[PDB]
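Working notes for the structure below.
Any read-out appearing in this document is the output of simple, stated calculations on the displayed coordinates, not a laboratory observation. Please note: Cβ atoms are built from the backbone with ideal geometry, for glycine as well, and neighbour counts cover all protein chains shown.
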Number of protein chains: 2
Amino acid sequence: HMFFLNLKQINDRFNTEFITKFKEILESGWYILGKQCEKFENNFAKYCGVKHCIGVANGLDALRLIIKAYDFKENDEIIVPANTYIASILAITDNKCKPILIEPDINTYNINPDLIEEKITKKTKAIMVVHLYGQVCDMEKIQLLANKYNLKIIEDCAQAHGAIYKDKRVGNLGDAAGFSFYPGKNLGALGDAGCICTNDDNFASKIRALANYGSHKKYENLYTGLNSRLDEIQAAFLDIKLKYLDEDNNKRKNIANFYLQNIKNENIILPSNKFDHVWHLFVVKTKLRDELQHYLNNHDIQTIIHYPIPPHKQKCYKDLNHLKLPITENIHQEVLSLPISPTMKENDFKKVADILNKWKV
Amino acid sequence: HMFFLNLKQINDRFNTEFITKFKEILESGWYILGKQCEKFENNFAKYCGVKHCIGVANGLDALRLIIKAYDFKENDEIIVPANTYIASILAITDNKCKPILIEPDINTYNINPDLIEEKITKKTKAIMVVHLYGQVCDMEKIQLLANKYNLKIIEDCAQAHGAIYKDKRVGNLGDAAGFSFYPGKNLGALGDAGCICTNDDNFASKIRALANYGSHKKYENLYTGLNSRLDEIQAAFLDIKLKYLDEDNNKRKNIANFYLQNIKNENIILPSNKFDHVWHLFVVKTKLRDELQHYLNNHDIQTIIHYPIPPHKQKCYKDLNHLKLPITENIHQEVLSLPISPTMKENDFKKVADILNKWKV
Ligand SMILES: [Cl-]
Ligand SMILES: [Cl-]
Ligand code: NA
């Protein structure tokens, strides 16, 4: 059984260091908001080329906190792609803002920047850009729109750790960015984890407070805060793995290129990489998706759909069910993710391509 | 220096077992919502005598989830002691409910049951009892009241793991209970951690979904949920320690009773318990609190204040600052916590008593 994402394979490279750092943190007696958090933050900040990195409990928290720290009014509007993972939207509604859902470009799977301005209203306060599947969004126009209409840009970076746009990294393309380090992400923890990145000193300091109960100083609560912190253990594990993140992303680039160069099947539309793509998810598109998934499973290849029901169609968002978003809806009916990881064996990726080429419907 | 809480001493007993479990989880390649969580949950349910335990990310999330799951209307009222830790109140306001702050009994530091009924209104939906410092609340009148008015009882168990009221454990004394396993809790993780306990099947399934993005089935989101999970690793650490929790609590009793029997100083009011007490914190009370804390530090003994500013006085709740709660305010001006731990050295507790006896002020 070739697994969709073999984490033990990804992480076995680091066991001996992992155990070392664990023992160290044991030796320290310090498990929360300590020197491993500081060290990881400082390194990830350098990595994204930003001034400030605040470790938090997960990527949904990271998003929810950024939105919270802006103090928007109830029903203020945040423009967001309609085809993202639900978490992006959950962060908006958690904060009693209104998500304004924009169709993607079929050629990027990212928000179509040409479709945003028409949806901008007096209630709009932000654009949440999502670098979906690993590919950075085309920022040029979004940035112009944000300057023009006095909007914040919030990056959801949970799928594109390390992707580059012009001179900058994801995380440094907007006003503030949220990252997930859930274990299957291109930089994955061994438990839940997240961070926020920004260059603004005041904003960063406010975020630190809000993620630690609303307290800047012992005994005192300046804001109504959250408990959303990155555990020492998880910061340590992340820092060890961050050293090899670009390498890992490159190993993904190699497998994706192999897929792109070798899968030749009329029933399958392959993903393109118009801008930098770190290939978190290798997403193909076919009118016979569920059939493909079954076929692959029959050949001992596990595949997972990202994603089959779009946020507007979910039961939790009944009041959005009527929205007509046919590009999003078609994608959701048609996509399927092929196994990819930095450690994935040659024999395994060759088998995926060979079996796809044999699929004859 | 005698530190207020030496987690290295608490935890070093278990170091070999922690390391064993960590490797086992590395072997598993399964870090979230797995077998360690299930095992721990099962054992903590047993420990509390409840049907269901849901591990979640922290004790504040645990409370916030419980209130969320009840789906109360905006400005629905929740009665709550006025002198608890701010997390108890944060859970209420986050959910857009109005906290109705009740004075404690000066002789228990828990909510005075006799002061609740007069504050009940048509908008009241719940009573959140807090077992402060480790002492269980006198539950009988509270349970009768909730039944009389069709209110939910929410237990904030963050500080009282394993305390017993008549025939039941804290966690099994209302409709649903929230627990913190913050590292310095009587049952402390190595990272942030918490849980929710309940006997109600439907509430338990709803909470599991609300803690996992609102998802009860792969690809579907029934609710607008959040991400609040207990890492496999922390579940494993908690399960190791849980087997020693009653032993450890009784060891804390022995030390507290030593303090109670041996400290005699006209300047200090001891925390004589009226109900079972697992002594998470051992809180004394003096008119010269700031002078006391300095004196102890002069004698190389670290103390902390639980707590110096009450919620209604915090800058984050300026809409509550006007409230006249003099018992609460008095407590906050006069309390200080002394070091206690089930592994605390005899010379250390003896020192603390002797040095306090010598204090002439
Ligand atoms: Cl996440
Ligand atoms: Cl076949
Ligand atoms: Na966590």
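Report the full-extension gain for the segment residue B:347 to residue B:205: residue separation times 0.36 nm, less the Cα-Cα distance, to one decimal in nm. Show your work: numbers first, answer last.
Details: separation 142, 0.36 × 142 = 51.12 nm, distance 4.87 nm.
My answer for the length gained is 46.2 nm.
At residue B:269, with labels set 7 Å past Cα in the Cβ direction, how many nm apart are the copies from this one, shortest first?
Going from nearest to farthest copy, the values are 7.4 nm.
Output, in nm with one decimal and in ascending order, the distances from the residue B:244 label point to the matching label points of the other copies (7 Å from Cα along Cα-to-Cβ).
3.4
At a Förster distance of 45 Å, what's the computed FRET efficiency of residue A:267 paired with residue A:46, Cβ-Cβ distance as r, to 0.05?
On the way: r = 45 Å, r/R0 = 0.99.
Step by step, r from the Cβ atoms, then E = 0.50.
Per residue of B:17-30, what is the mean number of Cβ atoms on other protein chains within 10 angstrom of that residue's Cβ? It would help to have the intermediate numbers written out before the result.
Working: counts 0, 3, 4, 0, 0, 8, 4, 0, 2, 10, 3, 2, 11, 4.
That average works out to 4.
So which residue, out of A:218, A:23, A:206, gets the largest mean-square fluctuation from a GNM of chain A using Cα contacts under 10 Å as springs?
Result for chain A, Cα springs under 10 Å: A:218 fluctuates most.
Among DSSP beta bridges lying fully in chain B, give the percent that are antiparallel, nearest 5.
Numbers: 22 of 39 bridges.
Within chain B, antiparallel bridges account for around 55 percent of the total.
Relative to the other copies, what are the label-point distances for residue A:4, with labels 7 Å from Cα along the C-beta vector, expressed in nm at one decimal and sorted shortest first?
Reported distances to equivalent positions: 4.5 nm.
Strictly greater than 12 Å: what percent of every Cα pair in segment B:162-203 meets that? Present the calculation step by step, with values, prior to reporting the outcome.
Numbers: 543 of 861 pairs.
Across segment B:162-203, Cα pairs with separations above 12 Å total 63 percent.
Return the single residue from A:326, A:113, A:342 with maximal mean-square fluctuation; model: Gaussian network over chain A, springs between Cα atoms under 10 Å.
Sorting by GNM fluctuation, first place goes to A:326.
Below 8 Å between Cα atoms, with a sequence gap of 6+, how large is the relative contact order for segment B:245-361 in percent?
After rounding, I find 36 percent.
Determine the dipole magnitude for segment B:245-361: charges of +1 sit on the beta-carbon of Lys and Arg, -1 on that of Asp and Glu, nothing else is charged, the reference point is the Cα centre, and the result goes in debye to the nearest 20.
Working: 17 positive and 14 negative charges, 61 e Å.
Using Cβ point charges on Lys, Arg, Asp and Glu, segment B:245-361 gives about 300 debye.
Taking the Cβ-Cβ separation of residue B:122 and residue B:20 as r and a Förster radius of 56 Å, what is the calculated FRET efficiency to the nearest 0.05?
Details: r = 56 Å, r/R0 = 0.99.
It comes out at approximately 0.50.
What distance in nm separates the two pseudo spin-label positions at residue A:168 and residue B:246, each 7 Å out from Cα along the beta-carbon direction?
Simple spin-label model gives 6.0 nm for this pair.
Find the relative contact order for chain B and round it to a whole percent, using C-alpha pairs within less than 8 Å whose residues are 6+ positions apart.
Working: 732 pairs, mean separation 78.1, N = 361.
In percent, rounded to a whole number, it is 22.
Looking only at B:124, B:16, B:198, which one moves most when chain B is put into a Gaussian network model with springs between Cα atoms under 10 Å?
B:16
If you stretched the chain out fully between residue B:13 and residue B:274, how much longer would it get, using 0.36 nm times the residue separation minus the C-alpha to C-alpha distance?
On the way: separation 261, 0.36 × 261 = 93.96 nm, distance 3.23 nm.
That pair, residue B:13 and residue B:274, stretches by 90.7 nm at full extension.
Taking amide H positions as placed in the peptide plane 1.01 Å from N, state which residues far from residue B:124 in sequence (5 or more) or on other chains have amide H under 5 Å from it.
The answer is B:77.
Return B:88, B:205 ranked ascending by Cβ neighbour count within 10 Å, so the fewest neighbours appear first. Each step should come with its number before you reach the end.
Values: B:88 25, B:205 13.
Ranking B:88, B:205 by Cβ neighbours within 10 Å, fewest first, gives B:205, B:88.
Got a sec? Which residues in segment A:325-349 would a label at residue A:287 touch, if it sits 7 Å along Cα→Cβ and we count backbone N under 19 Å?
Those under the cut-off are A:326-336.
Over all directions, the average projected area of the alpha-carbon convex hull for the protein assembly as shown comes to how many nm²? Display every interim value, and only then the final one.
Values: hull surface 123.9 nm².
Taking a quarter of the hull surface, the average projection is 31.0 nm².
Please list the three semi-axes, largest first and in whole Å, of the ellipsoid equivalent to segment B:245-361, using sqrt of 5 times the eigenvalues of its alpha carbon gyration tensor. Can you show the working numbers first?
Working: eigenvalues 143, 65, 32 Å².
Semi-axis lengths for segment B:245-361 are 27, 18, 13 Å.
How big is the antiparallel share of DSSP beta bridges in the protein assembly as shown, given as a percent to the nearest 5? If you can, show how the numbers build up before the last one.
Working: 44 of 78 bridges.
For the protein assembly as shown, the DSSP antiparallel bridge percentage is about 55.
Let me spell out the model: positive unit charges on the Cβ of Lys and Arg, negative unit charges on the Cβ of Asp and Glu, origin at the Cα centre of segment B:59-173. What dipole size does that give, in debye rounded to 20?
Working: 15 positive and 16 negative charges, 74 e Å.
With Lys and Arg at +1 and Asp and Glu at -1, about 360 debye.
Calculate for chain A the 222 nm mean residue ellipticity that helices alone would give, adding -39,500 (n - 2.57) per DSSP H run of length 4 or more and normalising by residue count, nearest 500 deg cm²/dmol. Please report the intermediate quantities before stating the final value.
Values: 12 runs with 134 residues, N = 361.
About -11500 deg cm²/dmol.
Report, largest value first, the span of the C-alpha coordinates of chain B along each principal axis, in whole Å.
Here the Cα extents, ordered largest to smallest, are 66, 54, 39 Å.
Report the relative contact order of segment A:134-239, percent, no decimals, based on alpha-carbon pairs under 8 angstrom and at least 6 residues apart.
Details: 165 pairs, mean separation 18.9, N = 106.
Result for segment A:134-239 is 18 percent.
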